[PDB]
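Below are two forms of the same protein chain, given as structure tokens: structure 1, then structure 2.
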Structure 1
């Protein structure tokens, strides 16, 4: 696609989330860089409203799949970059097993020469002493398969996967993700064959940062077609 040309080098990223979980209102701002030729993302996020009322790991999927690497044999299947620069809307429902759910709407597009992910998130029905509002999640992340299929009739994609969140007692909290992406522009997009993304994420801290924050390194590569 013509959109993939915008990603051949290092692209600056801004992420801006406004959230409300069980009435707890919060905001997150992130900035960093994406290097899609290598499937590489590097971001730092800050809670601009004080302490984050939910665990940082629960927000990772919400907080730019256009920076996935599509290997040479898969380039025709990269919807995300084909939608650029006008971008796409990314919606999800995330069901935390035996707890509440997040619903999210994001616009991902170029604003000037920066890729910007702007999100609204609403969470409901969380248990006050459950793993999310009780902060029982380990500060860590697993490696996932993100399954993608075309919705040719609606000129976009449908996506589904479960995130595994390690709990401090050795259990695992599942978060079942239902996702749709829809182009913002009228231009043609690439509608993929079924495939998946293989994801890797690591979470850290900046020893110089005093605000509630998360350092995130990711590497993502598309797969499932030979």
Structure 2
């Protein structure tokens, strides 16, 4: 029913660009990604490349870091889509991700429109990772589970928060938890509707391009909102 200024920008297929500057236990790296999203369908099609050489962490550990404005919201919930309604000037997304029995990532990102393209620019810092362990030791399977996340208004900070657990599969049948603590704030300074609490449901498929020499990840996703 409602169509905000920012929602108008997602009626079609939208080109995406992702740039990430990373540092984990002192290992510098960069990732760039390209593709598109279709928020009416609820899909993402992205390819990411490590431009520095070999990725010092598993690709699956980066998926949550590397644009929830491409979620499909039902008609009756359009007024609750903070992410699209923050556009074009966009939002800051901040996370701390704790890998159990291992180190942590801290991320700061800006998601906004630059011309006609939706751009996610990320800074990432990792620390206290065991050289032995599942991350630096690259013992994660190259796959990804379906996860629901509970989106919560945070009045005091004029944004939203999300606290969720990702289960990463390990080679030998076990699982590595990553506890995500997420905070999102508009970049604009105007009045803003904070959403009622609801859920995003994400499905993800990871693959490789047959013709790509560089360390890369092809990521397809399908995302829908529910729970109002």
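Residue numbers count along the first chain shown, from 1. For clarity, a rigid core is taken as the largest C-alpha set superposing within 1.5 Å between two forms.
Once the two forms are fitted on their rigid core, between structures 1 and 2 the CA displacement reaches 2 Å or more only for 190 among 197, 190, 175, 41.
Aligning the rigid core leaves the CA of residue 71 displaced by 1.1 Å between structures 1 and 2. Comparison between structures 1 and 2 places the CA of residue 154 2.4 angstrom away from its other position, after core fitting.
After superposition on the rigid core, the Cα atom of residue 122 is displaced by 0.1 Å between structures 1 and 2.
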